[PDB]
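Text of final_17.pdb (PDB, C-alpha atoms) as supplied:
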ATOM      1  CA  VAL A   7      -3.232 -39.057  11.039
ATOM      2  CA  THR A   8      -3.130 -35.886   8.927
ATOM      3  CA  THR A   9      -0.141 -33.548   9.247
ATOM      4  CA  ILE A  10       0.372 -30.350   7.280
ATOM      5  CA  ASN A  11       3.722 -28.687   7.199
ATOM      6  CA  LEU A  12       4.374 -25.447   5.276
ATOM      7  CA  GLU A  13       7.967 -24.214   5.608
ATOM      8  CA  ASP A  14       9.812 -21.144   4.289
ATOM      9  CA  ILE A  15       6.677 -19.146   3.577
ATOM     10  CA  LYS A  16       7.617 -15.731   2.226
ATOM     11  CA  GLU A  17       5.192 -13.262   3.808
ATOM     12  CA  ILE A  18       4.977  -9.737   2.349
ATOM     13  CA  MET A  19       3.147  -7.827   5.051
ATOM     14  CA  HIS A  20       1.502  -4.452   4.418
ATOM     15  CA  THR A  21       1.360  -2.763   7.818
ATOM     16  CA  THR A  22      -0.582   0.178   9.255
ATOM     17  CA  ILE A  23       1.203   1.011  12.503
ATOM     18  CA  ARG A  24      -0.293   3.174  15.253
ATOM     19  CA  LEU A  25       1.515   4.638  18.277
ATOM     20  CA  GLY A  26      -1.363   4.592  20.762
ATOM     21  CA  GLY A  27      -1.084   6.537  24.027
ATOM     22  CA  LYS A  28      -3.378   8.283  26.506
ATOM     23  CA  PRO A  29      -6.889   9.008  25.237
ATOM     24  CA  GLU A  30      -7.681  12.712  25.044
ATOM     25  CA  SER A  31     -11.470  12.736  24.646
ATOM     26  CA  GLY A  32     -14.462  10.420  24.782
ATOM     27  CA  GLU A  33     -15.437   7.814  27.342
ATOM     28  CA  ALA A  34     -11.925   6.373  27.322
ATOM     29  CA  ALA A  35     -10.488   9.650  28.633
ATOM     30  CA  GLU A  36     -12.556   9.240  31.812
ATOM     31  CA  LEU A  37     -11.303   5.695  32.450
ATOM     32  CA  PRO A  38      -7.948   4.154  33.456
ATOM     33  CA  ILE A  39      -6.932   3.310  29.892
ATOM     34  CA  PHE A  40      -3.875   3.437  27.664
ATOM     35  CA  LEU A  41      -4.149   2.665  23.951
ATOM     36  CA  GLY A  42      -1.469   0.166  22.987
ATOM     37  CA  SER A  43       0.696   0.484  19.925
ATOM     38  CA  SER A  44      -0.976  -1.590  17.218
ATOM     39  CA  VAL A  45      -0.195  -3.099  13.831
ATOM     40  CA  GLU A  46      -3.003  -3.783  11.383
ATOM     41  CA  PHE A  47      -1.703  -5.865   8.500
ATOM     42  CA  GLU A  48      -2.566  -7.591   5.264
ATOM     43  CA  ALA A  49      -0.059  -9.933   3.656
ATOM     44  CA  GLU A  50       0.614 -12.014   0.577
ATOM     45  CA  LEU A  51       1.927 -15.529   1.234
ATOM     46  CA  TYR A  52       4.365 -17.232  -1.154
ATOM     47  CA  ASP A  53       6.005 -20.631  -1.156
ATOM     48  CA  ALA A  54       9.786 -21.003  -1.263
ATOM     49  CA  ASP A  55       9.730 -20.876  -5.085
ATOM     50  CA  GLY A  56       7.923 -17.517  -5.071
ATOM     51  CA  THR A  57       4.516 -18.827  -6.133
ATOM     52  CA  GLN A  58       1.682 -17.125  -4.254
ATOM     53  CA  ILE A  59      -0.132 -19.583  -1.976
ATOM     54  CA  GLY A  60      -2.479 -17.242  -0.125
ATOM     55  CA  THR A  61      -2.948 -14.134   1.973
ATOM     56  CA  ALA A  62      -3.154 -13.140   5.615
ATOM     57  CA  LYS A  63      -4.814 -10.407   7.638
ATOM     58  CA  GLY A  64      -4.676  -9.548  11.313
ATOM     59  CA  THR A  65      -4.028  -7.155  14.164
ATOM     60  CA  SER A  66      -1.376  -7.112  16.858
ATOM     61  CA  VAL A  67      -1.156  -4.859  19.944
ATOM     62  CA  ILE A  68       1.667  -4.279  22.459
ATOM     63  CA  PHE A  69       1.113  -4.841  26.197
ATOM     64  CA  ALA A  70       3.110  -6.000  29.216
ATOM     65  CA  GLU A  71       3.031  -8.669  31.872
ATOM     66  CA  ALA A  72       3.518  -8.145  35.601
ATOM     67  CA  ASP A  73       7.135  -9.245  35.513
ATOM     68  CA  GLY A  74       7.781  -6.439  33.012
ATOM     69  CA  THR A  75       7.893  -8.668  29.920
ATOM     70  CA  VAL A  76       6.775  -6.673  26.893
ATOM     71  CA  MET A  77       4.309  -8.807  24.947
ATOM     72  CA  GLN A  78       2.295  -8.624  21.748
ATOM     73  CA  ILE A  79      -1.152 -10.113  21.269
ATOM     74  CA  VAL A  80      -2.182 -11.007  17.718
ATOM     75  CA  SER A  81      -5.431 -12.191  16.143
ATOM     76  CA  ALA A  82      -5.188 -13.123  12.486
ATOM     77  CA  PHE A  83      -5.996 -15.662   9.805
ATOM     78  CA  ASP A  84      -4.492 -17.127   6.642
ATOM     79  CA  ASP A  85      -6.436 -17.959   3.482
ATOM     80  CA  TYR A  86      -4.619 -20.613   1.440
ATOM     81  CA  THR A  87      -5.882 -21.005  -2.129
ATOM     82  CA  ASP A  88      -5.255 -24.742  -1.880
ATOM     83  CA  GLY A  89      -5.700 -25.471   1.821
ATOM     84  CA  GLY A  90      -8.485 -23.202   3.146
ATOM     85  CA  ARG A  91      -8.616 -20.736   6.052
ATOM     86  CA  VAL A  92      -6.432 -21.045   9.164
ATOM     87  CA  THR A  93      -7.046 -18.701  12.099
ATOM     88  CA  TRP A  94      -4.174 -17.980  14.473
ATOM     89  CA  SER A  95      -3.918 -15.963  17.670
ATOM     90  CA  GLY A  96      -2.070 -15.700  20.946
ATOM     91  CA  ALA A  97       0.431 -13.644  22.880
ATOM     92  CA  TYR A  98       4.196 -13.783  22.293
ATOM     93  CA  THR A  99       7.235 -11.950  23.622
ATOM     94  CA  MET A 100       8.115  -8.815  21.700
ATOM     95  CA  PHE A 101      11.844  -9.018  22.321
ATOM     96  CA  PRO A 102      14.064  -9.894  20.690
ATOM     97  CA  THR A 103      12.291  -8.557  17.611
ATOM     98  CA  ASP A 104      14.273 -10.638  15.086
ATOM     99  CA  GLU A 105      13.617 -14.165  16.478
ATOM    100  CA  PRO A 106      10.803 -16.452  15.254
ATOM    101  CA  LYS A 107       7.524 -16.128  17.128
ATOM    102  CA  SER A 108       4.673 -18.623  17.306
ATOM    103  CA  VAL A 109       1.046 -18.797  18.427
ATOM    104  CA  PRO A 110      -1.588 -21.541  18.096
ATOM    105  CA  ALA A 111      -3.408 -21.980  14.796
ATOM    106  CA  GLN A 112      -6.703 -23.612  13.843
ATOM    107  CA  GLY A 113      -7.721 -24.842  10.396
ATOM    108  CA  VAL A 114     -11.386 -23.985   9.825
ATOM    109  CA  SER A 115     -12.190 -24.652   6.141
ATOM    110  CA  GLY A 116     -11.120 -26.586   3.070
ATOM    111  CA  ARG A 117      -8.704 -29.459   3.580
ATOM    112  CA  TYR A 118      -7.330 -27.739   6.680
ATOM    113  CA  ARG A 119     -10.614 -27.967   8.660
ATOM    114  CA  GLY A 120     -10.368 -29.476  12.109
ATOM    115  CA  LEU A 121      -6.583 -29.613  12.251
ATOM    116  CA  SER A 122      -4.766 -27.434  14.756
ATOM    117  CA  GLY A 123      -1.190 -26.533  15.497
ATOM    118  CA  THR A 124       1.139 -23.562  15.379
ATOM    119  CA  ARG A 125       1.673 -20.500  13.187
ATOM    120  CA  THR A 126       5.207 -19.125  13.074
ATOM    121  CA  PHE A 127       6.563 -15.779  11.880
ATOM    122  CA  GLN A 128       9.981 -14.123  11.979
ATOM    123  CA  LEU A 129      10.669 -10.503  10.995
ATOM    124  CA  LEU A 130      13.497 -10.357   8.434
ATOM    125  CA  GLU A 131      13.282  -6.771   7.127
ATOM    126  CA  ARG A 132      11.222  -3.726   8.115
ATOM    127  CA  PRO A 133      12.508  -1.146   5.596
ATOM    128  CA  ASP A 134       9.673   1.318   6.283
ATOM    129  CA  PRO A 135       6.497   1.526   8.409
ATOM    130  CA  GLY A 136       4.390   0.359   5.442
ATOM    131  CA  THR A 137       5.791  -3.079   4.572
ATOM    132  CA  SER A 138       7.721  -5.908   6.254
ATOM    133  CA  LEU A 139       9.392  -9.070   4.955
ATOM    134  CA  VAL A 140       8.482 -12.017   7.184
ATOM    135  CA  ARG A 141       9.610 -15.639   7.079
ATOM    136  CA  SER A 142       6.723 -17.840   8.151
ATOM    137  CA  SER A 143       5.657 -21.430   8.632
ATOM    138  CA  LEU A 144       2.625 -23.434   9.630
ATOM    139  CA  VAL A 145       2.145 -26.868  11.140
ATOM    140  CA  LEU A 146      -1.292 -28.448  11.602
ATOM    141  CA  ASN A 147      -2.354 -31.932  12.571
ATOM    142  CA  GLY A 148      -5.168 -34.082  13.910
TER     143      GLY A 148
ATOM    144  CA  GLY B   1     -12.333 -18.385   2.584
ATOM    145  CA  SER B   2     -14.320 -19.442   5.610
ATOM    146  CA  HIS B   3     -16.627 -22.451   5.828
ATOM    147  CA  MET B   4     -20.206 -21.977   4.673
ATOM    148  CA  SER B   5     -21.587 -25.464   5.342
ATOM    149  CA  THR B   6     -23.795 -25.512   8.450
ATOM    150  CA  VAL B   7     -24.705 -29.219   8.488
ATOM    151  CA  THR B   8     -24.080 -29.591  12.253
ATOM    152  CA  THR B   9     -25.038 -26.876  14.758
ATOM    153  CA  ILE B  10     -23.934 -26.276  18.336
ATOM    154  CA  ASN B  11     -25.892 -23.446  19.951
ATOM    155  CA  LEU B  12     -25.038 -22.604  23.576
ATOM    156  CA  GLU B  13     -27.134 -19.714  24.873
ATOM    157  CA  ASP B  14     -27.487 -17.961  28.218
ATOM    158  CA  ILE B  15     -24.073 -18.991  29.539
ATOM    159  CA  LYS B  16     -23.400 -17.332  32.893
ATOM    160  CA  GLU B  17     -19.704 -16.454  33.096
ATOM    161  CA  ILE B  18     -17.948 -15.563  36.366
ATOM    162  CA  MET B  19     -14.735 -13.903  35.206
ATOM    163  CA  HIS B  20     -11.689 -13.298  37.434
ATOM    164  CA  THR B  21      -9.518 -10.504  36.080
ATOM    165  CA  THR B  22      -5.980  -9.237  36.434
ATOM    166  CA  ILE B  23      -5.948  -5.625  35.207
ATOM    167  CA  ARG B  24      -2.845  -3.684  34.173
ATOM    168  CA  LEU B  25      -2.928   0.021  33.304
ATOM    169  CA  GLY B  26      -0.071  -0.050  30.807
ATOM    170  CA  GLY B  27       1.397   3.204  29.528
ATOM    171  CA  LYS B  28       4.894   4.119  28.479
ATOM    172  CA  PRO B  29       7.584   1.458  29.075
ATOM    173  CA  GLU B  30       9.880   2.530  31.874
ATOM    174  CA  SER B  31      12.988   0.369  31.379
ATOM    175  CA  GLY B  32      14.906  -1.740  28.918
ATOM    176  CA  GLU B  33      14.775  -1.991  25.151
ATOM    177  CA  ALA B  34      11.105  -0.985  24.924
ATOM    178  CA  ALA B  35      11.776   2.341  26.678
ATOM    179  CA  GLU B  36      14.049   3.514  23.840
ATOM    180  CA  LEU B  37      11.232   2.759  21.373
ATOM    181  CA  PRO B  38       8.147   4.867  20.581
ATOM    182  CA  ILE B  39       5.571   2.403  21.911
ATOM    183  CA  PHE B  40       2.767   2.327  24.457
ATOM    184  CA  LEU B  41       1.733  -0.713  26.459
ATOM    185  CA  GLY B  42      -2.012  -1.099  26.063
ATOM    186  CA  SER B  43      -4.179  -1.516  29.128
ATOM    187  CA  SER B  44      -4.610  -5.283  29.427
ATOM    188  CA  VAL B  45      -6.838  -7.857  31.151
ATOM    189  CA  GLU B  46      -5.769 -11.450  31.804
ATOM    190  CA  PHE B  47      -8.770 -13.460  32.866
ATOM    191  CA  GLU B  48      -9.961 -16.882  33.916
ATOM    192  CA  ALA B  49     -13.662 -17.629  34.153
ATOM    193  CA  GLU B  50     -16.026 -20.382  35.180
ATOM    194  CA  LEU B  51     -18.878 -20.929  32.718
ATOM    195  CA  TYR B  52     -22.325 -21.998  33.973
ATOM    196  CA  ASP B  53     -25.616 -22.932  32.382
ATOM    197  CA  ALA B  54     -28.806 -21.282  33.593
ATOM    198  CA  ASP B  55     -29.259 -23.981  36.320
ATOM    199  CA  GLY B  56     -25.947 -23.272  38.097
ATOM    200  CA  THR B  57     -24.125 -26.290  36.641
ATOM    201  CA  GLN B  58     -20.558 -25.643  35.560
ATOM    202  CA  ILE B  59     -20.186 -26.330  31.840
ATOM    203  CA  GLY B  60     -16.615 -25.178  31.382
ATOM    204  CA  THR B  61     -13.912 -22.614  31.919
ATOM    205  CA  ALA B  62     -12.462 -19.822  29.823
ATOM    206  CA  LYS B  63      -9.028 -18.177  29.750
ATOM    207  CA  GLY B  64      -7.626 -15.339  27.698
ATOM    208  CA  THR B  65      -6.098 -11.874  27.380
ATOM    209  CA  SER B  66      -7.544  -8.620  26.091
ATOM    210  CA  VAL B  67      -5.778  -5.342  25.292
ATOM    211  CA  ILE B  68      -7.095  -1.865  24.448
ATOM    212  CA  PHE B  69      -6.019  -0.077  21.261
ATOM    213  CA  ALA B  70      -7.572   2.323  18.753
ATOM    214  CA  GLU B  71      -8.391   2.587  15.070
ATOM    215  CA  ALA B  72      -7.184   5.405  12.812
ATOM    216  CA  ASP B  73     -10.260   7.569  13.441
ATOM    217  CA  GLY B  74      -9.642   7.080  17.180
ATOM    218  CA  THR B  75     -12.405   4.531  17.805
ATOM    219  CA  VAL B  76     -11.369   2.675  20.944
ATOM    220  CA  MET B  77     -11.108  -1.119  20.476
ATOM    221  CA  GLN B  78     -10.200  -4.260  22.383
ATOM    222  CA  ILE B  79      -8.362  -7.272  20.972
ATOM    223  CA  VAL B  80      -8.915 -10.608  22.713
ATOM    224  CA  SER B  81      -7.326 -14.053  22.323
ATOM    225  CA  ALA B  82      -9.025 -16.744  24.395
ATOM    226  CA  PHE B  83     -10.480 -20.251  24.552
ATOM    227  CA  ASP B  84     -13.291 -22.145  26.304
ATOM    228  CA  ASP B  85     -12.752 -25.658  27.699
ATOM    229  CA  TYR B  86     -16.048 -27.465  28.120
ATOM    230  CA  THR B  87     -16.876 -30.215  30.620
ATOM    231  CA  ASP B  88     -17.496 -32.707  27.810
ATOM    232  CA  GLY B  89     -13.812 -32.502  26.907
ATOM    233  CA  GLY B  90     -13.567 -30.154  23.934
ATOM    234  CA  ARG B  91     -11.907 -26.758  23.408
ATOM    235  CA  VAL B  92     -13.181 -23.762  21.419
ATOM    236  CA  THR B  93     -10.757 -20.925  20.643
ATOM    237  CA  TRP B  94     -12.013 -17.401  20.041
ATOM    238  CA  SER B  95     -10.240 -14.165  19.173
ATOM    239  CA  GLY B  96     -10.714 -10.897  17.365
ATOM    240  CA  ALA B  97     -11.117  -7.163  17.786
ATOM    241  CA  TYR B  98     -14.310  -5.380  18.804
ATOM    242  CA  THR B  99     -15.380  -1.830  19.578
ATOM    243  CA  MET B 100     -14.966  -1.059  23.285
ATOM    244  CA  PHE B 101     -17.846   1.334  23.803
ATOM    245  CA  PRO B 102     -20.511   1.130  24.926
ATOM    246  CA  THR B 103     -19.084  -1.348  27.457
ATOM    247  CA  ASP B 104     -22.516  -2.847  28.291
ATOM    248  CA  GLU B 105     -23.645  -4.033  24.860
ATOM    249  CA  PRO B 106     -23.033  -7.539  23.503
ATOM    250  CA  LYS B 107     -19.660  -8.010  21.799
ATOM    251  CA  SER B 108     -18.482 -10.921  19.685
ATOM    252  CA  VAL B 109     -15.488 -12.397  17.873
ATOM    253  CA  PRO B 110     -15.059 -15.470  15.661
ATOM    254  CA  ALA B 111     -14.778 -18.861  17.339
ATOM    255  CA  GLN B 112     -13.230 -22.160  16.244
ATOM    256  CA  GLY B 113     -13.957 -25.623  17.592
ATOM    257  CA  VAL B 114     -10.635 -27.375  17.965
ATOM    258  CA  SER B 115     -11.356 -30.634  19.839
ATOM    259  CA  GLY B 116     -14.068 -32.820  21.220
ATOM    260  CA  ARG B 117     -17.514 -32.435  19.702
ATOM    261  CA  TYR B 118     -16.550 -28.887  18.596
ATOM    262  CA  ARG B 119     -13.711 -29.905  16.229
ATOM    263  CA  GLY B 120     -14.070 -28.488  12.734
ATOM    264  CA  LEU B 121     -17.011 -26.212  13.549
ATOM    265  CA  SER B 122     -16.778 -22.421  13.367
ATOM    266  CA  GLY B 123     -18.905 -19.457  14.287
ATOM    267  CA  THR B 124     -19.161 -16.739  16.917
ATOM    268  CA  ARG B 125     -18.450 -16.311  20.624
ATOM    269  CA  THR B 126     -20.476 -13.521  22.215
ATOM    270  CA  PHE B 127     -20.037 -11.854  25.584
ATOM    271  CA  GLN B 128     -21.810  -9.027  27.420
ATOM    272  CA  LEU B 129     -20.559  -7.410  30.620
ATOM    273  CA  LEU B 130     -23.448  -7.356  33.119
ATOM    274  CA  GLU B 131     -21.760  -6.009  36.252
ATOM    275  CA  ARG B 132     -18.509  -5.744  38.192
ATOM    276  CA  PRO B 133     -19.376  -6.869  41.741
ATOM    277  CA  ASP B 134     -15.814  -6.031  42.833
ATOM    278  CA  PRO B 135     -12.622  -4.724  41.168
ATOM    279  CA  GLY B 136     -11.437  -8.277  40.468
ATOM    280  CA  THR B 137     -14.647  -9.791  39.045
ATOM    281  CA  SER B 138     -16.896  -9.402  35.996
ATOM    282  CA  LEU B 139     -20.241 -11.155  35.535
ATOM    283  CA  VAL B 140     -20.769 -11.807  31.846
ATOM    284  CA  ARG B 141     -23.638 -13.168  29.756
ATOM    285  CA  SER B 142     -22.205 -15.302  26.977
ATOM    286  CA  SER B 143     -23.229 -17.470  24.074
ATOM    287  CA  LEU B 144     -21.516 -19.637  21.493
ATOM    288  CA  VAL B 145     -22.786 -20.605  18.055
ATOM    289  CA  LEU B 146     -20.814 -23.069  15.940
ATOM    290  CA  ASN B 147     -21.660 -24.834  12.717
ATOM    291  CA  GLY B 148     -19.845 -26.829  10.100
TER     292      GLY B 148
END
What would you get if you wrote out this structure as structure tokens?
Amino acid sequence: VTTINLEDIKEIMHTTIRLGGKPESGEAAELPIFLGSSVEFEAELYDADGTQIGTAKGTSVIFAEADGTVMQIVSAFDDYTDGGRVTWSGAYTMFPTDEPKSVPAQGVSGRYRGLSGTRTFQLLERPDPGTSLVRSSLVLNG
Amino acid sequence: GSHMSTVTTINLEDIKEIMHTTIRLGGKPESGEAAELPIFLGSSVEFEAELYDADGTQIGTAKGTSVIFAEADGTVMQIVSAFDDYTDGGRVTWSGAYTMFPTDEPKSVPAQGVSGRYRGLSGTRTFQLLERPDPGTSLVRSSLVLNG
């Protein structure tokens, strides 16, 4: 039974962050709609020795649940030079912002195809709105 | 990179989807840590749906969440994270971002077979809003194409 286990991924994430808010014009202004704050990102992925192992790209958007829990939804994927492509997506709690977060992941190509598991990501440093340092990990099996 | 081999095909067309929705307006956070931050809660939909073939036989269920946001030029988008569970015992995840408007044209995001006969296949999940027979319900025409 195959198990894949990437720990201590260094993830350098180039972020485009958008405030959102009430639409002002267009069809959306005539509908009950708020635009959520969003992050569009591209990232380089490195192993714990600093060797690049791949890249990532995705989008996350802020929303809230009935109980008042502020959430983020993300849809993203990794490309691993060695392993292949791994999609990942789900909703996770926004707060606290410095704890590790995880959503389900699916391997879809290369040696990762047909395995599924969990993609993890923890914000270490956000020095400016353009780049974040993330500590990441991936487990797949099947 | 993604998978280009298309040795095996699964093509599900003309799925009739009865979608039950929980709609939240969103807006500015009113309490807590989020309120001190410059953020907006996107309008969101949490949904569960029964999936039928064209004969009225249930072929599965779907569950997910979608949220409205916008691109830099102001184009309104939705992001969705979801999955189908089919009656033959497999799951297909699907997620991505698509342009909101017009709300009546077919939309689609990438899809991944994760278990059952779908495992290891990849492709596209499509969905088209046909009508809203009441504020809690959407009737959707859907299709799923997977290969690998």
Hey, can you check how far CA of residue 46 (chain A) sits from CA of residue 100 (chain A)?
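Going from CA of residue 46 (chain A) over to CA of residue 100 (chain A), I get 16.0 Å.
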Residues picked by the PyMOL selection byres ((chain A) within 8 of (chain B)) here, as a PyMOL selection string?
chain A and resi 24-28+33-34+38-44+65+67-70+72+76+79-82+85+90-91+95-97+112-116+119-122
Residues from the last selection, C-alpha atoms, saved as a PDB file, in the coordinates of the input:
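To be explicit, this is the file written out as part_9.pdb:
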ATOM      1  CA  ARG A  24      -0.293   3.174  15.253  1.00  0.00           C
ATOM      2  CA  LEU A  25       1.515   4.638  18.277  1.00  0.00           C
ATOM      3  CA  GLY A  26      -1.363   4.592  20.762  1.00  0.00           C
ATOM      4  CA  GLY A  27      -1.084   6.537  24.027  1.00  0.00           C
ATOM      5  CA  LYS A  28      -3.378   8.283  26.506  1.00  0.00           C
ATOM      6  CA  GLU A  33     -15.437   7.814  27.342  1.00  0.00           C
ATOM      7  CA  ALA A  34     -11.925   6.373  27.322  1.00  0.00           C
ATOM      8  CA  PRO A  38      -7.948   4.154  33.456  1.00  0.00           C
ATOM      9  CA  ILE A  39      -6.932   3.310  29.892  1.00  0.00           C
ATOM     10  CA  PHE A  40      -3.875   3.437  27.664  1.00  0.00           C
ATOM     11  CA  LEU A  41      -4.149   2.665  23.951  1.00  0.00           C
ATOM     12  CA  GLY A  42      -1.469   0.166  22.987  1.00  0.00           C
ATOM     13  CA  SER A  43       0.696   0.484  19.925  1.00  0.00           C
ATOM     14  CA  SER A  44      -0.976  -1.590  17.218  1.00  0.00           C
ATOM     15  CA  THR A  65      -4.028  -7.155  14.164  1.00  0.00           C
ATOM     16  CA  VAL A  67      -1.156  -4.859  19.944  1.00  0.00           C
ATOM     17  CA  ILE A  68       1.667  -4.279  22.459  1.00  0.00           C
ATOM     18  CA  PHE A  69       1.113  -4.841  26.197  1.00  0.00           C
ATOM     19  CA  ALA A  70       3.110  -6.000  29.216  1.00  0.00           C
ATOM     20  CA  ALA A  72       3.518  -8.145  35.601  1.00  0.00           C
ATOM     21  CA  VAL A  76       6.775  -6.673  26.893  1.00  0.00           C
ATOM     22  CA  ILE A  79      -1.152 -10.113  21.269  1.00  0.00           C
ATOM     23  CA  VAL A  80      -2.182 -11.007  17.718  1.00  0.00           C
ATOM     24  CA  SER A  81      -5.431 -12.191  16.143  1.00  0.00           C
ATOM     25  CA  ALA A  82      -5.188 -13.123  12.486  1.00  0.00           C
ATOM     26  CA  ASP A  85      -6.436 -17.959   3.482  1.00  0.00           C
ATOM     27  CA  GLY A  90      -8.485 -23.202   3.146  1.00  0.00           C
ATOM     28  CA  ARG A  91      -8.616 -20.736   6.052  1.00  0.00           C
ATOM     29  CA  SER A  95      -3.918 -15.963  17.670  1.00  0.00           C
ATOM     30  CA  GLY A  96      -2.070 -15.700  20.946  1.00  0.00           C
ATOM     31  CA  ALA A  97       0.431 -13.644  22.880  1.00  0.00           C
ATOM     32  CA  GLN A 112      -6.703 -23.612  13.843  1.00  0.00           C
ATOM     33  CA  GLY A 113      -7.721 -24.842  10.396  1.00  0.00           C
ATOM     34  CA  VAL A 114     -11.386 -23.985   9.825  1.00  0.00           C
ATOM     35  CA  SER A 115     -12.190 -24.652   6.141  1.00  0.00           C
ATOM     36  CA  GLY A 116     -11.120 -26.586   3.070  1.00  0.00           C
ATOM     37  CA  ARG A 119     -10.614 -27.967   8.660  1.00  0.00           C
ATOM     38  CA  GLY A 120     -10.368 -29.476  12.109  1.00  0.00           C
ATOM     39  CA  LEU A 121      -6.583 -29.613  12.251  1.00  0.00           C
ATOM     40  CA  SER A 122      -4.766 -27.434  14.756  1.00  0.00           C
TER      41      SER A 122
END
Rank A:109, A:45, A:144, A:59 by their smallest atom-to-atom distance to residue 10 (chain A), using only C-alpha atoms, and report the top residue only.
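Using only C-alpha atoms, residue 10 (chain A) sits closest to A:144.
The interatomic distance for the pair CA of residue 98 (chain B) and CA of residue 137 (chain B) works out to 20.7 Å.
Computed from the coordinates, the CA of residue 36 (chain A) to CA of residue 17 (chain B) distance equals 26.7 Å.
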Complete region 15-34 of chain B at the level of N, CA and C atoms, written as a compact mmCIF listing (two decimals), keeping the file's coordinate frame.
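Output saved as out-v2.txt:
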# COMPACT_ATOMS: atom_id res chain seq x y z
N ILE B 15 -25.19 -18.59 28.69
CA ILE B 15 -24.07 -18.99 29.54
C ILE B 15 -23.85 -17.90 30.57
N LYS B 16 -23.75 -18.28 31.84
CA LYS B 16 -23.40 -17.33 32.89
C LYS B 16 -21.92 -17.51 33.18
N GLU B 17 -21.16 -16.43 33.07
CA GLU B 17 -19.70 -16.45 33.10
C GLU B 17 -19.24 -15.62 34.29
N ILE B 18 -18.53 -16.25 35.22
CA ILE B 18 -17.95 -15.56 36.37
C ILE B 18 -16.46 -15.40 36.08
N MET B 19 -16.06 -14.17 35.76
CA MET B 19 -14.74 -13.90 35.21
C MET B 19 -13.84 -13.24 36.25
N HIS B 20 -12.67 -13.83 36.49
CA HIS B 20 -11.69 -13.30 37.43
C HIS B 20 -10.59 -12.61 36.65
N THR B 21 -10.35 -11.33 36.94
CA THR B 21 -9.52 -10.50 36.08
C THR B 21 -8.28 -10.01 36.80
N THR B 22 -7.20 -9.91 36.04
CA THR B 22 -5.98 -9.24 36.43
C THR B 22 -5.81 -8.08 35.46
N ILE B 23 -5.93 -6.86 35.98
CA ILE B 23 -5.95 -5.62 35.21
C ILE B 23 -4.62 -4.89 35.35
N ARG B 24 -4.07 -4.47 34.21
CA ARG B 24 -2.84 -3.68 34.17
C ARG B 24 -3.10 -2.41 33.37
N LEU B 25 -2.66 -1.27 33.93
CA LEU B 25 -2.93 0.02 33.30
C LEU B 25 -2.15 0.19 32.00
N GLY B 26 -0.91 -0.30 31.96
CA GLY B 26 -0.07 -0.05 30.81
C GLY B 26 0.47 1.37 30.84
N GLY B 27 0.78 1.90 29.65
CA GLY B 27 1.40 3.20 29.53
C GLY B 27 2.75 3.12 28.86
N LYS B 28 3.61 4.09 29.16
CA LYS B 28 4.89 4.12 28.48
C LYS B 28 5.87 3.17 29.17
N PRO B 29 6.65 2.38 28.42
CA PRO B 29 7.58 1.46 29.08
C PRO B 29 8.66 2.23 29.82
N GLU B 30 9.01 1.75 31.01
CA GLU B 30 9.88 2.53 31.87
C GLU B 30 11.33 2.09 31.83
N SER B 31 11.62 0.86 31.39
CA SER B 31 12.99 0.37 31.38
C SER B 31 13.24 -0.44 30.12
N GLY B 32 14.51 -0.78 29.92
CA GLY B 32 14.91 -1.74 28.92
C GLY B 32 14.80 -1.25 27.48
N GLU B 33 14.79 -2.25 26.59
CA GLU B 33 14.78 -1.99 25.15
C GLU B 33 13.52 -1.24 24.73
N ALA B 34 12.37 -1.62 25.29
CA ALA B 34 11.10 -0.98 24.92
C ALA B 34 11.10 0.51 25.23
